[PDB]
Amino acid sequence: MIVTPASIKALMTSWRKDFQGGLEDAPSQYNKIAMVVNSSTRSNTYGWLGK
Amino acid sequence: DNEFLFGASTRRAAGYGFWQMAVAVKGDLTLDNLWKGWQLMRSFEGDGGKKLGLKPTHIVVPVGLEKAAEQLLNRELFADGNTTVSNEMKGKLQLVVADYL
Amino acid sequence: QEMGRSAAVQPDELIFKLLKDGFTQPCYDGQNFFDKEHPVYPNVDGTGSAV
Amino acid sequence: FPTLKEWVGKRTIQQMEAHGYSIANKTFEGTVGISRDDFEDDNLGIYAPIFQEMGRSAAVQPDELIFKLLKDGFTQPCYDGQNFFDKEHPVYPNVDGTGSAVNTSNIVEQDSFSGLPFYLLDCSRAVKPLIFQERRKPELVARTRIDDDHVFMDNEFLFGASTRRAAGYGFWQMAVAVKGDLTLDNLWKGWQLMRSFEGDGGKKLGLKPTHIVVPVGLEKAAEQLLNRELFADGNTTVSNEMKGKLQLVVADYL
Amino acid sequence: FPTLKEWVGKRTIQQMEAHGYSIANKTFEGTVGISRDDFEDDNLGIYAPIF
């Protein structure tokens, strides 16, 4: 039996990438309650007329 | 500096619409509180005495109130005070269990 | 990929934080979004004694 | 990645973290011996399926290994240094794992309980809670050559099998142990505990149990809870709202 | 390897050993600055052999 040191025995591992994405984020569900509007300048102004 | 830099940037904004189309219930997720919110929202009026037509469509609850939501909206026959009764508010509302992502 | 996901997640963190702290942020009529004093004037022109 | 923050002056450079975990393989053996004369001197074919018994004896190890994992999940460690089922899993308020850690719980405990616990896992995402790594495929050897040293010097046949494999844990956020009765309240408590876990920095993870593992002695309660269409919830007949959501795994701990 | 002996009887199984050693490496930097004007009027070519 060859008495190898501790560091050499610790280097004798194989790298596996099964844990790559970590834990996935929660589902996205903001489109159900919000209205999406695109702005083109410094700010948007909205205006409506009373009855 | 012998450094690698990774950066991101976006230009977005979030704002409020009409206050008349939302109601916050600061209570327990019981049938009575849900109906109170429903009727309170249906009682809203516009300026000058006009009668708007509004009624809830969505219900948003934290992830800590999932038990009460599933035991109230997704039960065909549930308990109404120690007697088994039919559920009259099963498909009326859409449940959104938000994690506040 | 991680920074792309972090950028993508933001619209939900924005919208759902808006409902949550809706008791303090102001809305169009001047008061907070969730409030117990939201004026409803008796005249169409927005002039009278608010209820 | 760090959460996006409002840009007022100059970009503030932040930090991230990386994690690591290791599982070590172990070797296994099993052998049996029958004399050559007795093996070759049967006409009833009674000693014939020794090779089949070899295969069926080495094909049952993975189940034993995996289920012995869960059972002793309160002692063996996970990637963060604590035990798999522990009430002190550190969760930091910064993405780079730097700050005042708050101890998060992985166990649901009932007062003065002396029964068999049951487990709730989430086997839906890319990484399953438990890992089973195999180093070398099992090898089955039957020493029957007439010039074999043992055959030559002892007139005895040797039948042996050997495997080299191990098993380990995955993410602690994807498994919850309930040390309590198998009732509706405990099941929902475990569900809500699993649903409330979040990563470092306030990152919201979407986790939801998909399997429930119970021992053989809890099959009565499991079948009385997850299969009854109309059950009793507080001395009242109400519809089962958790029928068809979880998958039952009655493990013999093979 | 163990020294060879005279083979009388059965062989004896001896042992061996292994060693280890690691060296870490460092980074060195060095810089010098010259104005654009004084470098772009080199008719002679005196500042050119700085590499």
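Residues numbered from 1 in each chain as written, not as in the entry; some residues may be left out. Chains lettered and ligands numbered in written order. Part of a larger assembly, values for the part shown. Heavy atoms only, no water.

Colleague: Explain the overall build of chain E residue by residue, including any values.
Modeller: Scanning chain E from terminus to terminus reveals 1 helix and 1 strand. Expected size for 51 residues packed as a compact globule is a radius of gyration near 10 Å; at 32 Å, chain E overshoots this value by more than 25%. With respect to the three principal axes, the spread of C-alpha positions in chain E is 90 × 20 × 10 Å. Going through the 51 residues of chain E one by one, you find that 0% of them count as buried. When the accessible surface of chain E is split by element, carbon and sulfur atoms take 54% of a total near 6,000 Å². Averaging the positions of the 5 positive and the 8 negative side-chain charges in chain E gives two centres separated by 35 Å. (Helix = DSSP H or I, 4+ residues; strand = E, 2+ residues; numbered from the N terminus. Rg over C-alpha atoms; globule rule 2.2 N^0.38 Å. Buried < 20%, exposed > 50% of the residue type's maximum accessible area, 1.4 Å probe, protein only. Areas by Shrake-Rupley, 256 points an atom, 1.4 Å probe, with all protein chains shown as cover. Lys, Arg positive; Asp, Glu negative; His and termini not counted. Charge placed at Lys NZ, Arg CZ, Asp CG, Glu CD.)

Colleague: Just give me the short version of the sheet that holds strand 4 (residues 107-109) of chain D, but keep the residues and values in it.
Modeller: Residues and elements named next belong to chain D. As summarised here, the arrangement of the 5 strands in space is 4-8-5-9-12, forming an open sheet in which the pairing is mixed. Unpaired on one side and paired on the other, strand 4 and strand 12 (247-250) mark the two borders of the sheet. Put simply, the sheet's adjacent strands are angled 20° from each other on average, direction ignored. Where strand 5 (residues 118-121) meets strand 9 (residues 211-214), 3 bridges bridge the pair, whose relative direction is antiparallel. (Pairing = 2+ DSSP bridges. Axes fitted to C-alpha atoms, helices over the stretch in contact; angles between N-to-C directions.)

Colleague: Explain the nonpolar core to me, using residue names and the numbers behind them.
Modeller: Judged by nonpolar contacts, the single largest core of 48 residues is most densely connected at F85, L182, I212 and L246 of chain D. Apart from the residues lying within four places of it in its own chain, the contact partners of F85 of chain D are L70, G73, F74, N106, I107, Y119, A175, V176 and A177 of chain D. Of all hydrophobic cores here, the second largest spans 13 residues; its members include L31, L34, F78 and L93 of chain B. (Core = buried A, V, L, I, M, F, W, Y, C linked by side-chain atoms within 4.5 Å. Contact = heavy atoms within 4.5 Å.)

Colleague: With reference to specific residues and values, describe the interface of chain C and chain B.
Modeller: Accessible area lost when the parts come together is the quantity often used to give the size of an interface. Counting from both sides, the interface comprises 29 residues of chain C and, opposite them, 24 residues of chain B. Counting each side, the surface lost to burial between chain C and chain B is near 2,300 Å², with a carbon and sulfur contribution of 73%. Inspection of the region where chain C meets chain B yields 0 salt bridges. Inspection of the region where chain C meets chain B yields 5 residue pairs in polar contact. The residue makeup of the side of chain C that touches chain B, split by class, is 18 nonpolar, 6 polar and 5 charged. (Buried area = accessible area lost by both parts, 1.4 Å probe. Salt bridge = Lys/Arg side-chain N within 4 Å of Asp/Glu carboxyl O. Polar contact = N/O pair within 3.5 Å; in protein donor to acceptor, adjacent residues only side chain to side chain. Nonpolar A, V, L, I, M, F, W, Y, C, P; charged D, E, K, R; others polar.)

Colleague: Could you give me a rundown of the packing of aromatic side chains, with the residues and numbers involved?
Modeller: A complete count under the given rule lists 20 aromatic pairs over all chains for this structure. With a centroid separation of 5.8 Å and an interplanar angle of 90°, the aromatic rings of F18 of chain B and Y28 of chain C are classed as edge-to-face. Of this pair, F18 of chain B sits in the segment before helix 1 (31-42) while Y28 of chain C sits in the segment after helix 1 (2-20), each in a different chain. Classification of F18 of chain B by relative accessible area gives partly exposed; the value is 38%. Taking relative accessible area as the criterion, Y28 of chain C reaches 43% and is therefore assigned partly exposed. Centroid distance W188 of chain D to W191 of chain D: 5.6 Å. Interplanar angle 50°. Geometry classified as tilted. Here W191 of chain D and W188 of chain D lie together in helix 5 (residues 184-195), a separation of 3 residues that amounts to about one turn. Taken as a pair, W188 of chain D and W191 of chain D share a single burial class, namely buried. An aromatic cluster is defined as three or more aromatic residues linked by ring pairs; in this entry it consists of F74, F84, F85, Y119 and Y169 of chain D. Over the face of the ring belonging to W7 of chain D we find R11 of chain D, whose NZ or CZ atom lies 4.5 Å from the ring centre. (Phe/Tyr/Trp six-rings, centres within 6.5 Å; stacked < 30°, edge-to-face > 60°. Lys NZ or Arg CZ within 6 Å of the ring centre and 35° of its normal.)

Colleague: Explain the arrangement of the chains to me, and be specific about the residues and the numbers.
Modeller: Looking at the 7 pairs of chains with contacts, the pair that accumulates the most is chains B and C. The two units chain B and chain E remain apart, with a minimum C-alpha distance of 10 Å. Looking at chain D next to chain E, you find no contact at all, with the nearest C-alpha pair sitting 16 Å apart.

Colleague: Describe in detail the environment of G46 of chain C, supporting the description with residues and values.
Modeller: Within the element layout of this structure, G46 of chain C appears in the segment after helix 1. Since its relative accessible area comes to 32%, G46 of chain C is described here as partly exposed. Taking the C-alpha atoms as reference, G46 of chain C lies 48 Å from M3 of chain C; in sequence the two are 43 residues apart. In this structure, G46 of chain C is in contact with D47 of chain B together with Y41 of chain C, ignoring residues within four places of it in sequence.

Colleague: I'd like to hear about the pattern of salt bridges, residue by residue, with values.
Modeller: Applying the stated criterion across every chain yields a total of 18 salt bridges over all chains. Between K179 of chain D and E109 of chain D there is a salt bridge; the shortest N-O distance is 4.0 Å. With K179 of chain D in strand 8 (residues 175-179) and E109 of chain D in strand 4, the pair connects residues that are 70 residues apart, well separated along the chain. Classification of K179 of chain D by relative accessible area gives partly exposed; the value is 31%. Residues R145 of chain D and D147 of chain D are paired through a salt bridge, measuring 2.7 Å at the closest nitrogen-oxygen approach. Residue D147 of chain D is classed as exposed on the basis of its relative accessible area of 53%. One network of salt bridges, with partners in common, ties together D25 of chain A together with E2 and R5 of chain C.

Colleague: For unusual backbone geometry, give the residues involved together with the corresponding values.
Modeller: Residues other than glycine predominantly adopt negative phi, and peptide bonds predominantly adopt the trans conformation. Residue and element names in this part refer to chain D. Phi is positive for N155, close to 55°, though the residue is something other than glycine. Take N155: it is sitting in the loop between helix 4 (149-154) and strand 7 (156-169). Under the relative-accessibility criterion, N155 is labelled partly exposed at 31%. Not every positive phi belongs to a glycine, and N235 is a case in point at roughly 60°. With respect to the helices, strands and loops of the structure, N235 is situated in the loop between strand 10 (230-232) and strand 11 (237-239).

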